[PDB]
Amino acid sequence: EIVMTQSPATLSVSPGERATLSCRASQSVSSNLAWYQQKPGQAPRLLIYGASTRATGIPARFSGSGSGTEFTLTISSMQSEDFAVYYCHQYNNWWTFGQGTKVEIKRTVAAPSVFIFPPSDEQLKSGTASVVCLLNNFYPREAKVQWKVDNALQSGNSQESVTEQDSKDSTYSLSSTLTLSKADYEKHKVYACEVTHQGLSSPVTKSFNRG
């Protein structure tokens, strides 16, 4: 019954900075609340089981506080390894989990390096003509893409995918893929990747065409 919501969805934190995550509940949970840490790939981990009691072995820079319907976890001397995802959990009724909060490295704003890649001959005989937009080592996560063709922004018939942080330098990479049928390659005459990002006063474009 009890829905629990965790805000804000994302926090950008440069190393060594203090971070604050808030958790709210549709109904009261008194103090039957806990905070877990999720490292992608591994298994979630216990951070705080009481409203504030820290479990064994967690660094003292972690601490949570709250009661009733509002709680907040906080970290004061965050290190690089602490960068992960977090969940607030309650057990005062049928227990449930919150959607969670991301935490990412903060770094210098970097404009996206954009490249486009059309199909070629071998795919025609396979009948799966496709194009790729590669955006490399951009920051922050807000960098956004547009597949464009003659009188059409080809979103809804293609897929976006993204790396994790290029953690050795903390940038992001995106490999959007556009896929069409055999005869489609010739049907459309214009093809382009367009990119927007606050390091871009105007959209960045890469393009190709038929003829």
# chains A, B, ... in the order shown; residues from 1 in each chain; ligands from 1
>>> closest_atom_pairs(of="region 69-145 of chain A", to="region 156-168 of chain A", cutoff="10 Å", atoms="only C-alpha atoms", output="CSV")
residue,atom,partner,partner_atom,distance
A:80,CA,A:167,CA,9.8
A:104,CA,A:165,CA,8.2
A:105,CA,A:165,CA,8.3
A:130,CA,A:158,CA,9.5
A:131,CA,A:158,CA,9.7
A:132,CA,A:158,CA,9.9
A:133,CA,A:160,CA,9.3
A:134,CA,A:162,CA,10.0
A:135,CA,A:162,CA,9.5
A:136,CA,A:166,CA,9.7
A:137,CA,A:166,CA,7.4
A:138,CA,A:166,CA,9.6
A:139,CA,A:165,CA,9.4
A:140,CA,A:165,CA,9.9
A:141,CA,A:165,CA,9.2
A:144,CA,A:160,CA,9.9
A:145,CA,A:160,CA,8.8
>>> residues_around(residues="residue 53 (chain A)", least_positions_apart="3", cutoff="8 Å", atoms="only C-alpha atoms", output="list in words")
residues 48, 49, 50, 63 and 64 of chain A
>>> residues_around(residues="residue 127 (chain A)", least_positions_apart="5", cutoff="12 Å", atoms="only C-alpha atoms", output="list in words")
residues 119, 120, 121, 122, 179, 180, 181, 182, 183, 184, 185 and 186 of chain A
>>> write_last_selection(atoms="N, CA, C and O atoms", output="mmCIF file, in the first residue's frame")
data_model
loop_
_atom_site.group_PDB
_atom_site.id
_atom_site.type_symbol
_atom_site.label_atom_id
_atom_site.label_comp_id
_atom_site.auth_asym_id
_atom_site.auth_seq_id
_atom_site.Cartn_x
_atom_site.Cartn_y
_atom_site.Cartn_z
ATOM 1 N N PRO A 119 25.076 3.193 -44.208
ATOM 2 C CA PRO A 119 25.211 1.775 -44.542
ATOM 3 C C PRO A 119 26.146 1.588 -45.724
ATOM 4 O O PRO A 119 26.690 2.551 -46.270
ATOM 5 N N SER A 120 26.337 0.329 -46.114
ATOM 6 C CA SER A 120 27.177 -0.001 -47.255
ATOM 7 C C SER A 120 26.573 -1.178 -48.011
ATOM 8 O O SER A 120 25.421 -1.567 -47.794
ATOM 9 N N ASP A 121 27.380 -1.745 -48.911
ATOM 10 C CA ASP A 121 26.864 -2.688 -49.897
ATOM 11 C C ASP A 121 26.398 -3.991 -49.259
ATOM 12 O O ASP A 121 25.303 -4.481 -49.557
ATOM 13 N N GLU A 122 27.216 -4.569 -48.377
ATOM 14 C CA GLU A 122 26.919 -5.902 -47.861
ATOM 15 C C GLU A 122 25.565 -5.958 -47.172
ATOM 16 O O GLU A 122 24.900 -6.999 -47.199
ATOM 17 N N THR A 179 17.757 1.931 -37.991
ATOM 18 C CA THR A 179 17.634 0.707 -38.771
ATOM 19 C C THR A 179 16.433 0.806 -39.698
ATOM 20 O O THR A 179 15.341 1.191 -39.266
ATOM 21 N N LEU A 180 16.635 0.450 -40.966
ATOM 22 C CA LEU A 180 15.591 0.524 -41.977
ATOM 23 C C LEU A 180 15.610 -0.749 -42.814
ATOM 24 O O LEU A 180 16.448 -1.635 -42.625
ATOM 25 N N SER A 181 14.671 -0.831 -43.755
ATOM 26 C CA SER A 181 14.526 -2.023 -44.571
ATOM 27 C C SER A 181 15.494 -1.992 -45.752
ATOM 28 O O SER A 181 16.354 -1.114 -45.875
ATOM 29 N N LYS A 182 15.343 -2.985 -46.631
ATOM 30 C CA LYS A 182 16.239 -3.125 -47.776
ATOM 31 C C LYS A 182 16.116 -1.948 -48.736
ATOM 32 O O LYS A 182 17.114 -1.301 -49.077
ATOM 33 N N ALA A 183 14.894 -1.651 -49.178
ATOM 34 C CA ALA A 183 14.690 -0.619 -50.186
ATOM 35 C C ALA A 183 14.642 0.779 -49.592
ATOM 36 O O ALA A 183 14.575 1.759 -50.344
ATOM 37 N N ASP A 184 14.675 0.894 -48.266
ATOM 38 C CA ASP A 184 14.543 2.200 -47.636
ATOM 39 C C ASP A 184 15.758 3.079 -47.892
ATOM 40 O O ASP A 184 15.626 4.306 -47.965
ATOM 41 N N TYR A 185 16.943 2.480 -48.022
ATOM 42 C CA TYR A 185 18.155 3.277 -48.178
ATOM 43 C C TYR A 185 18.005 4.295 -49.300
ATOM 44 O O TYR A 185 18.356 5.469 -49.126
ATOM 45 N N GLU A 186 17.475 3.874 -50.447
ATOM 46 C CA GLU A 186 17.264 4.774 -51.572
ATOM 47 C C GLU A 186 16.024 5.640 -51.416
ATOM 48 O O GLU A 186 15.969 6.726 -52.004
#
>>> residues_around(residues="residue 151 (chain A)", least_positions_apart="3", cutoff="12 Å", atoms="only C-alpha atoms", output="NGL selection string")
:A and (147-148 or 154 or 188-192)
>>> write_last_selection(atoms="C-alpha atoms", output="JSON list (two decimals), in the first residue's frame")
[["chain", "number", "residue", "atom", "x", "y", "z"],
["A", 147, "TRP", "CA", 18.13, 11.37, -36.30],
["A", 148, "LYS", "CA", 16.95, 13.47, -39.24],
["A", 154, "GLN", "CA", 13.68, 9.64, -37.13],
["A", 188, "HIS", "CA", 15.16, 8.72, -48.33],
["A", 189, "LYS", "CA", 17.61, 11.14, -49.93],
["A", 190, "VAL", "CA", 18.85, 13.08, -46.88],
["A", 191, "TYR", "CA", 20.31, 11.63, -43.69],
["A", 192, "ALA", "CA", 21.91, 13.35, -40.73]]
>>> closest_residue(among="A:66, A:112, A:8, A:118", to="residue 86 (chain A)", atoms="only C-alpha atoms")
A:8
>>> select_by_dssp(residues="region 24-202 of chain A", states="helix (DSSP H, G or I)", output="list in words")
residues 121, 122, 123, 124, 125, 126, 184, 185, 186 and 187 of chain A
>>> write_last_selection(atoms="N, CA and C atoms", output="PDB file, in the first residue's frame")
ATOM      1  N   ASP A 121      27.380  -1.745 -48.911  1.00  0.00           N
ATOM      2  CA  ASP A 121      26.864  -2.688 -49.897  1.00  0.00           C
ATOM      3  C   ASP A 121      26.398  -3.991 -49.259  1.00  0.00           C
ATOM      4  N   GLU A 122      27.216  -4.569 -48.377  1.00  0.00           N
ATOM      5  CA  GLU A 122      26.919  -5.902 -47.861  1.00  0.00           C
ATOM      6  C   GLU A 122      25.565  -5.958 -47.172  1.00  0.00           C
ATOM      7  N   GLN A 123      25.142  -4.867 -46.540  1.00  0.00           N
ATOM      8  CA  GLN A 123      23.864  -4.883 -45.848  1.00  0.00           C
ATOM      9  C   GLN A 123      22.688  -4.882 -46.812  1.00  0.00           C
ATOM     10  N   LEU A 124      22.865  -4.332 -48.014  1.00  0.00           N
ATOM     11  CA  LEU A 124      21.783  -4.339 -48.989  1.00  0.00           C
ATOM     12  C   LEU A 124      21.333  -5.758 -49.298  1.00  0.00           C
ATOM     13  N   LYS A 125      22.278  -6.656 -49.580  1.00  0.00           N
ATOM     14  CA  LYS A 125      21.911  -8.045 -49.825  1.00  0.00           C
ATOM     15  C   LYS A 125      21.293  -8.678 -48.587  1.00  0.00           C
ATOM     16  N   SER A 126      21.656  -8.195 -47.398  1.00  0.00           N
ATOM     17  CA  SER A 126      20.958  -8.590 -46.184  1.00  0.00           C
ATOM     18  C   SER A 126      19.643  -7.847 -46.010  1.00  0.00           C
ATOM     19  N   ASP A 184      14.675   0.894 -48.266  1.00  0.00           N
ATOM     20  CA  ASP A 184      14.543   2.200 -47.636  1.00  0.00           C
ATOM     21  C   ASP A 184      15.758   3.079 -47.892  1.00  0.00           C
ATOM     22  N   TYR A 185      16.943   2.480 -48.022  1.00  0.00           N
ATOM     23  CA  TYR A 185      18.155   3.277 -48.178  1.00  0.00           C
ATOM     24  C   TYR A 185      18.005   4.295 -49.300  1.00  0.00           C
ATOM     25  N   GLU A 186      17.475   3.874 -50.447  1.00  0.00           N
ATOM     26  CA  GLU A 186      17.264   4.774 -51.572  1.00  0.00           C
ATOM     27  C   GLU A 186      16.024   5.640 -51.416  1.00  0.00           C
ATOM     28  N   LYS A 187      15.036   5.188 -50.639  1.00  0.00           N
ATOM     29  CA  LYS A 187      13.783   5.928 -50.526  1.00  0.00           C
ATOM     30  C   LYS A 187      14.023   7.325 -49.970  1.00  0.00           C
TER      31      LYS A 187
END
>>> atom_distance(atom1="CA of residue 99 (chain A)", atom2="CA of residue 42 (chain A)")
17.8 Å
>>> closest_residue(among="A:60, A:143, A:46, A:19", to="residue 172 (chain A)", atoms="only C-alpha atoms")
A:143
>>> residues_around(residues="residue 11 (chain A)", least_positions_apart="2", cutoff="10 Å", atoms="only C-alpha atoms", output="number ranges by chain")
A: 7-9, 13-14, 19-21, 101-106
>>> closest_residue(among="A:34, A:84, A:196, A:59", to="residue 72 (chain A)", atoms="only C-alpha atoms")
A:34
>>> residues_around(residues="residue 78 (chain A)", least_positions_apart="4", cutoff="8 Å", atoms="only C-alpha atoms", output="ChimeraX atom specification")
/A:15-19,61,82-83
>>> write_last_selection(atoms="N, CA, C and O atoms", output="short mmCIF file (atom, residue, chain, number, x, y, z; two decimals), in the first residue's frame")
data_model
loop_
_atom_site.label_atom_id
_atom_site.label_comp_id
_atom_site.auth_asym_id
_atom_site.auth_seq_id
_atom_site.Cartn_x
_atom_site.Cartn_y
_atom_site.Cartn_z
N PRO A 15 34.20 15.01 -6.61
CA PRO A 15 34.75 14.21 -5.51
C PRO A 15 35.08 15.07 -4.29
O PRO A 15 35.52 16.22 -4.42
N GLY A 16 34.84 14.51 -3.11
CA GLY A 16 35.08 15.21 -1.87
C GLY A 16 33.96 16.13 -1.43
O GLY A 16 34.14 16.88 -0.46
N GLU A 17 32.81 16.11 -2.10
CA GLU A 17 31.72 17.00 -1.76
C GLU A 17 30.62 16.27 -0.99
O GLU A 17 30.52 15.04 -1.01
N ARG A 18 29.79 17.06 -0.32
CA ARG A 18 28.69 16.54 0.48
C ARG A 18 27.42 16.43 -0.35
O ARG A 18 27.10 17.31 -1.16
N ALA A 19 26.68 15.34 -0.13
CA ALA A 19 25.48 15.05 -0.91
C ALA A 19 24.34 14.71 0.03
O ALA A 19 24.54 14.16 1.12
N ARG A 61 31.32 8.79 7.34
CA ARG A 61 30.86 9.94 6.56
C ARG A 61 29.41 9.77 6.11
O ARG A 61 28.82 10.73 5.61
N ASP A 82 32.49 5.84 -3.58
CA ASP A 82 31.13 5.99 -3.11
C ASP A 82 30.15 6.27 -4.24
O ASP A 82 28.93 6.13 -4.04
N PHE A 83 30.63 6.65 -5.42
CA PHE A 83 29.74 6.96 -6.52
C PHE A 83 29.01 5.70 -6.97
O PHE A 83 29.63 4.76 -7.49
#
>>> select_by_dssp(residues="region 115-185 of chain A", states="strand (DSSP E)", output="mmCIF file with N, CA and C atoms, in the first residue's frame")
data_model
loop_
_atom_site.group_PDB
_atom_site.id
_atom_site.type_symbol
_atom_site.label_atom_id
_atom_site.label_comp_id
_atom_site.auth_asym_id
_atom_site.auth_seq_id
_atom_site.Cartn_x
_atom_site.Cartn_y
_atom_site.Cartn_z
ATOM 1 N N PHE A 115 29.903 11.902 -34.808
ATOM 2 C CA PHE A 115 30.226 11.216 -36.048
ATOM 3 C C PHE A 115 28.999 10.453 -36.525
ATOM 4 N N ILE A 116 28.896 10.295 -37.840
ATOM 5 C CA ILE A 116 27.790 9.591 -38.476
ATOM 6 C C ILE A 116 28.377 8.515 -39.374
ATOM 7 N N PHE A 117 27.616 7.449 -39.607
ATOM 8 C CA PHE A 117 28.121 6.318 -40.385
ATOM 9 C C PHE A 117 26.999 5.678 -41.190
ATOM 10 N N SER A 130 21.247 0.421 -42.336
ATOM 11 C CA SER A 130 21.252 1.089 -41.043
ATOM 12 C C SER A 130 22.372 2.118 -40.992
ATOM 13 N N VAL A 131 22.225 3.060 -40.062
ATOM 14 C CA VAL A 131 23.156 4.166 -39.881
ATOM 15 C C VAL A 131 23.441 4.275 -38.388
ATOM 16 N N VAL A 132 24.597 4.840 -38.045
ATOM 17 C CA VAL A 132 25.001 4.967 -36.646
ATOM 18 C C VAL A 132 25.454 6.392 -36.355
ATOM 19 N N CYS A 133 24.934 6.969 -35.269
ATOM 20 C CA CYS A 133 25.417 8.238 -34.734
ATOM 21 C C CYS A 133 26.204 7.967 -33.461
ATOM 22 N N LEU A 134 27.485 8.323 -33.473
ATOM 23 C CA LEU A 134 28.378 8.141 -32.334
ATOM 24 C C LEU A 134 28.725 9.500 -31.746
ATOM 25 N N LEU A 135 28.393 9.696 -30.475
ATOM 26 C CA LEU A 135 28.814 10.866 -29.719
ATOM 27 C C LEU A 135 29.774 10.399 -28.638
ATOM 28 N N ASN A 136 30.994 10.927 -28.650
ATOM 29 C CA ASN A 136 32.057 10.382 -27.817
ATOM 30 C C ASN A 136 32.486 11.370 -26.745
ATOM 31 N N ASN A 137 32.678 10.850 -25.532
ATOM 32 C CA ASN A 137 33.331 11.580 -24.445
ATOM 33 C C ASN A 137 32.716 12.959 -24.235
ATOM 34 N N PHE A 138 31.391 13.002 -24.149
ATOM 35 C CA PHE A 138 30.700 14.250 -23.873
ATOM 36 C C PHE A 138 30.284 14.321 -22.407
ATOM 37 N N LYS A 144 22.052 15.487 -26.212
ATOM 38 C CA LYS A 144 20.897 14.872 -26.848
ATOM 39 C C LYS A 144 21.073 14.855 -28.360
ATOM 40 N N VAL A 145 20.371 13.920 -29.003
ATOM 41 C CA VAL A 145 20.607 13.554 -30.394
ATOM 42 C C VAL A 145 19.297 13.626 -31.170
ATOM 43 N N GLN A 146 19.414 13.770 -32.489
ATOM 44 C CA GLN A 146 18.285 13.796 -33.408
ATOM 45 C C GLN A 146 18.687 13.110 -34.704
ATOM 46 N N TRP A 147 18.065 11.969 -34.982
ATOM 47 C CA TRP A 147 18.134 11.366 -36.305
ATOM 48 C C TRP A 147 17.198 12.117 -37.243
ATOM 49 N N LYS A 148 17.732 12.633 -38.348
ATOM 50 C CA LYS A 148 16.952 13.473 -39.244
ATOM 51 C C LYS A 148 17.067 12.971 -40.673
ATOM 52 N N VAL A 149 15.934 12.936 -41.366
ATOM 53 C CA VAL A 149 15.866 12.640 -42.789
ATOM 54 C C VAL A 149 14.879 13.611 -43.426
ATOM 55 N N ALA A 152 11.500 14.488 -41.697
ATOM 56 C CA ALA A 152 11.234 13.535 -40.629
ATOM 57 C C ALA A 152 12.406 13.490 -39.658
ATOM 58 N N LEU A 153 12.091 13.636 -38.370
ATOM 59 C CA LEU A 153 13.049 13.392 -37.296
ATOM 60 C C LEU A 153 12.898 11.942 -36.860
ATOM 61 N N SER A 158 14.125 3.977 -34.191
ATOM 62 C CA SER A 158 15.547 3.798 -33.946
ATOM 63 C C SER A 158 15.719 3.740 -32.437
ATOM 64 N N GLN A 159 16.927 3.420 -31.988
ATOM 65 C CA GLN A 159 17.160 3.227 -30.563
ATOM 66 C C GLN A 159 18.418 3.946 -30.108
ATOM 67 N N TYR A 172 30.777 10.685 -21.092
ATOM 68 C CA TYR A 172 29.702 9.811 -21.538
ATOM 69 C C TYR A 172 29.825 9.561 -23.035
ATOM 70 N N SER A 173 29.329 8.400 -23.462
ATOM 71 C CA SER A 173 29.362 8.000 -24.861
ATOM 72 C C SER A 173 28.014 7.414 -25.253
ATOM 73 N N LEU A 174 27.573 7.754 -26.464
ATOM 74 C CA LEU A 174 26.266 7.358 -26.970
ATOM 75 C C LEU A 174 26.420 6.840 -28.392
ATOM 76 N N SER A 175 25.654 5.802 -28.725
ATOM 77 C CA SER A 175 25.832 5.044 -29.962
ATOM 78 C C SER A 175 24.482 4.812 -30.643
ATOM 79 N N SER A 176 23.737 5.891 -30.864
ATOM 80 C CA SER A 176 22.386 5.749 -31.391
ATOM 81 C C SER A 176 22.416 5.030 -32.730
ATOM 82 N N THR A 177 21.453 4.139 -32.940
ATOM 83 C CA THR A 177 21.409 3.304 -34.131
ATOM 84 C C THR A 177 20.065 3.465 -34.829
ATOM 85 N N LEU A 178 20.110 3.690 -36.140
ATOM 86 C CA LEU A 178 18.928 3.806 -36.980
ATOM 87 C C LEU A 178 18.895 2.615 -37.925
ATOM 88 N N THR A 179 17.757 1.931 -37.991
ATOM 89 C CA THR A 179 17.634 0.707 -38.771
ATOM 90 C C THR A 179 16.433 0.806 -39.698
#
>>> decode(residues="region 86-117 of chain A", atoms="N, CA, C and O atoms", output="mmCIF file, in the first residue's frame")
data_model
loop_
_atom_site.group_PDB
_atom_site.id
_atom_site.type_symbol
_atom_site.label_atom_id
_atom_site.label_comp_id
_atom_site.auth_asym_id
_atom_site.auth_seq_id
_atom_site.Cartn_x
_atom_site.Cartn_y
_atom_site.Cartn_z
ATOM 1 N N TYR A 86 21.518 4.625 -5.018
ATOM 2 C CA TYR A 86 21.046 4.477 -3.650
ATOM 3 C C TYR A 86 19.548 4.211 -3.634
ATOM 4 O O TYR A 86 18.826 4.632 -4.542
ATOM 5 N N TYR A 87 19.089 3.499 -2.604
ATOM 6 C CA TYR A 87 17.676 3.189 -2.431
ATOM 7 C C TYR A 87 17.274 3.421 -0.985
ATOM 8 O O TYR A 87 18.031 3.093 -0.065
ATOM 9 N N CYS A 88 16.085 3.987 -0.789
ATOM 10 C CA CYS A 88 15.472 4.029 0.527
ATOM 11 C C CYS A 88 14.358 2.998 0.589
ATOM 12 O O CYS A 88 13.609 2.803 -0.370
ATOM 13 N N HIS A 89 14.267 2.329 1.731
ATOM 14 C CA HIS A 89 13.419 1.165 1.905
ATOM 15 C C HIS A 89 12.694 1.308 3.231
ATOM 16 O O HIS A 89 13.237 1.884 4.177
ATOM 17 N N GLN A 90 11.467 0.812 3.296
ATOM 18 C CA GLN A 90 10.676 0.882 4.513
ATOM 19 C C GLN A 90 10.080 -0.481 4.807
ATOM 20 O O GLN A 90 9.835 -1.276 3.899
ATOM 21 N N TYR A 91 9.853 -0.751 6.088
ATOM 22 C CA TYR A 91 9.362 -2.053 6.512
ATOM 23 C C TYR A 91 8.326 -1.932 7.620
ATOM 24 O O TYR A 91 8.215 -2.815 8.472
ATOM 25 N N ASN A 92 7.551 -0.852 7.623
ATOM 26 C CA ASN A 92 6.511 -0.696 8.627
ATOM 27 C C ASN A 92 5.204 -1.364 8.223
ATOM 28 O O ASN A 92 4.284 -1.432 9.041
ATOM 29 N N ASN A 93 5.100 -1.839 6.984
ATOM 30 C CA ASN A 93 3.930 -2.555 6.488
ATOM 31 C C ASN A 93 4.459 -3.491 5.410
ATOM 32 O O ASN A 93 5.643 -3.837 5.460
ATOM 33 N N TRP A 94 3.646 -3.960 4.464
ATOM 34 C CA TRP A 94 4.265 -4.649 3.338
ATOM 35 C C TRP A 94 5.376 -3.766 2.802
ATOM 36 O O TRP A 94 5.126 -2.656 2.329
ATOM 37 N N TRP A 95 6.605 -4.251 2.887
ATOM 38 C CA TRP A 95 7.736 -3.416 2.516
ATOM 39 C C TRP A 95 7.779 -3.189 1.014
ATOM 40 O O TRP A 95 7.233 -3.964 0.230
ATOM 41 N N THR A 96 8.415 -2.091 0.624
ATOM 42 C CA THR A 96 8.523 -1.681 -0.762
ATOM 43 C C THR A 96 9.840 -0.939 -0.930
ATOM 44 O O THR A 96 10.544 -0.663 0.040
ATOM 45 N N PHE A 97 10.179 -0.636 -2.171
ATOM 46 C CA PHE A 97 11.432 0.021 -2.489
ATOM 47 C C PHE A 97 11.181 1.280 -3.303
ATOM 48 O O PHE A 97 10.239 1.351 -4.095
ATOM 49 N N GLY A 98 12.032 2.276 -3.093
ATOM 50 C CA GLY A 98 11.924 3.504 -3.846
ATOM 51 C C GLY A 98 12.692 3.450 -5.150
ATOM 52 O O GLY A 98 13.657 2.707 -5.313
ATOM 53 N N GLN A 99 12.261 4.287 -6.093
ATOM 54 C CA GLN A 99 12.834 4.266 -7.431
ATOM 55 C C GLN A 99 14.321 4.581 -7.440
ATOM 56 O O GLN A 99 14.997 4.247 -8.416
ATOM 57 N N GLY A 100 14.842 5.211 -6.397
ATOM 58 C CA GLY A 100 16.272 5.362 -6.256
ATOM 59 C C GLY A 100 16.799 6.659 -6.843
ATOM 60 O O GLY A 100 16.160 7.319 -7.659
ATOM 61 N N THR A 101 18.007 7.009 -6.408
ATOM 62 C CA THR A 101 18.676 8.241 -6.794
ATOM 63 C C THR A 101 20.043 7.910 -7.363
ATOM 64 O O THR A 101 20.805 7.153 -6.753
ATOM 65 N N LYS A 102 20.351 8.478 -8.521
ATOM 66 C CA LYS A 102 21.681 8.345 -9.089
ATOM 67 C C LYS A 102 22.613 9.399 -8.510
ATOM 68 O O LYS A 102 22.181 10.458 -8.047
ATOM 69 N N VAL A 103 23.906 9.092 -8.528
ATOM 70 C CA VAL A 103 24.949 10.044 -8.182
ATOM 71 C C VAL A 103 26.068 9.874 -9.199
ATOM 72 O O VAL A 103 26.534 8.752 -9.433
ATOM 73 N N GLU A 104 26.495 10.980 -9.800
ATOM 74 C CA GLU A 104 27.465 10.969 -10.882
ATOM 75 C C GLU A 104 28.622 11.900 -10.560
ATOM 76 O O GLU A 104 28.486 12.837 -9.769
ATOM 77 N N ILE A 105 29.767 11.641 -11.194
ATOM 78 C CA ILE A 105 30.891 12.558 -11.082
ATOM 79 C C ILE A 105 30.529 13.893 -11.711
ATOM 80 O O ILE A 105 29.757 13.961 -12.677
ATOM 81 N N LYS A 106 31.082 14.966 -11.158
ATOM 82 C CA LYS A 106 31.019 16.281 -11.777
ATOM 83 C C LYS A 106 32.395 16.640 -12.315
ATOM 84 O O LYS A 106 33.416 16.322 -11.698
ATOM 85 N N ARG A 107 32.418 17.294 -13.471
ATOM 86 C CA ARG A 107 33.667 17.556 -14.169
ATOM 87 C C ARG A 107 33.488 18.791 -15.042
ATOM 88 O O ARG A 107 32.510 19.533 -14.911
ATOM 89 N N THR A 108 34.448 19.014 -15.933
ATOM 90 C CA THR A 108 34.373 20.141 -16.849
ATOM 91 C C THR A 108 33.347 19.878 -17.941
ATOM 92 O O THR A 108 33.215 18.755 -18.434
ATOM 93 N N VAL A 109 32.625 20.929 -18.328
ATOM 94 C CA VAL A 109 31.714 20.825 -19.458
ATOM 95 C C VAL A 109 32.521 20.567 -20.719
ATOM 96 O O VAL A 109 33.509 21.258 -20.998
ATOM 97 N N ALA A 110 32.113 19.560 -21.487
ATOM 98 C CA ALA A 110 32.819 19.169 -22.703
ATOM 99 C C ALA A 110 31.797 19.009 -23.819
ATOM 100 O O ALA A 110 30.806 18.293 -23.654
ATOM 101 N N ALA A 111 32.033 19.674 -24.943
ATOM 102 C CA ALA A 111 31.124 19.546 -26.071
ATOM 103 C C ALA A 111 31.245 18.151 -26.679
ATOM 104 O O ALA A 111 32.311 17.527 -26.594
ATOM 105 N N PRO A 112 30.182 17.626 -27.289
ATOM 106 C CA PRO A 112 30.241 16.259 -27.822
ATOM 107 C C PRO A 112 30.936 16.208 -29.172
ATOM 108 O O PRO A 112 30.672 17.026 -30.055
ATOM 109 N N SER A 113 31.825 15.230 -29.327
ATOM 110 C CA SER A 113 32.374 14.922 -30.638
ATOM 111 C C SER A 113 31.443 13.960 -31.362
ATOM 112 O O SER A 113 31.158 12.859 -30.874
ATOM 113 N N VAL A 114 30.982 14.377 -32.539
ATOM 114 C CA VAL A 114 29.868 13.746 -33.236
ATOM 115 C C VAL A 114 30.382 13.110 -34.516
ATOM 116 O O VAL A 114 31.199 13.705 -35.226
ATOM 117 N N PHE A 115 29.903 11.902 -34.808
ATOM 118 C CA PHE A 115 30.226 11.216 -36.048
ATOM 119 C C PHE A 115 28.999 10.453 -36.525
ATOM 120 O O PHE A 115 28.174 10.011 -35.723
ATOM 121 N N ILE A 116 28.896 10.295 -37.840
ATOM 122 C CA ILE A 116 27.790 9.591 -38.476
ATOM 123 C C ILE A 116 28.377 8.515 -39.374
ATOM 124 O O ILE A 116 29.514 8.638 -39.839
ATOM 125 N N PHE A 117 27.616 7.449 -39.607
ATOM 126 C CA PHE A 117 28.121 6.318 -40.385
ATOM 127 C C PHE A 117 26.999 5.678 -41.190
ATOM 128 O O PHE A 117 26.101 5.043 -40.606
#
